[PDB]
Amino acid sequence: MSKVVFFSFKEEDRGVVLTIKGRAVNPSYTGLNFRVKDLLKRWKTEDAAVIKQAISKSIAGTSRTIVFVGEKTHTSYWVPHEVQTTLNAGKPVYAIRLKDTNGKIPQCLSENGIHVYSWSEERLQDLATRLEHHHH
């Protein structure tokens, strides 16, 4: 695995997202297996310039972004910038629901035609590793 995934999420889902990450990076846990960038710790701000500066380097050390959709991800001010920063760098954004959640789809996913997949480990592993065709 030569590439790294960025995890984009609402902070109230940190606990569950930390377990996803830990499973993915633990080589003996085979249901998830890929590299993950150290998670950002976000805070309450609506300043676009601050958010963009806070996420820039982290996202830039990664090759794709996965948005985890929980109950309140649609309210995040950070997730839309994490999505847009990824897409503007020409990288893919995928999205998956967290297990046993059914949140409103964030506008930044709808707006970009990014499908929000049902939860499963097999599907996350696919979103984390699949490659697109050039000019796609």
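When you see a residue number, it is the position in the sequence shown, counting from 1.
Exercise. Between 22-30 and 92-100, which has the higher average C-alpha B-factor in the PDB entry?
Worked result: The entry gives the higher C-alpha B-factor average to 22-30.
Exercise. For residue 70, does the deposited CA B-factor place it in the lowest, middle or highest third of the chain?
Worked result: Lowest third, going by the recorded CA B-factors of the chain.
For this session: Can you work out whether the C-alpha temperature factor of residue 50 puts it in the lowest, middle or highest third of the chain?
Result: It belongs to the middle third of the chain when residues are ordered by C-alpha B-factor.
Problem set entry | Lowest, middle or highest third - CA B-factor, residue 37 | Within its chain, residue 37 is a middle-third residue by C-alpha B-factor, going by the deposited values.
Exercise. Sorting the chain's CA B-factors, does residue 87 end up in the lowest, middle or highest third?
Worked result: Answer is middle: the recorded C-alpha B-factor places it there.
Problem set entry | Entry-reported Cα temperature factor of residue 57, expressed as the chain third it lands in | Its C-alpha B-factor belongs to the highest third of this chain's values.
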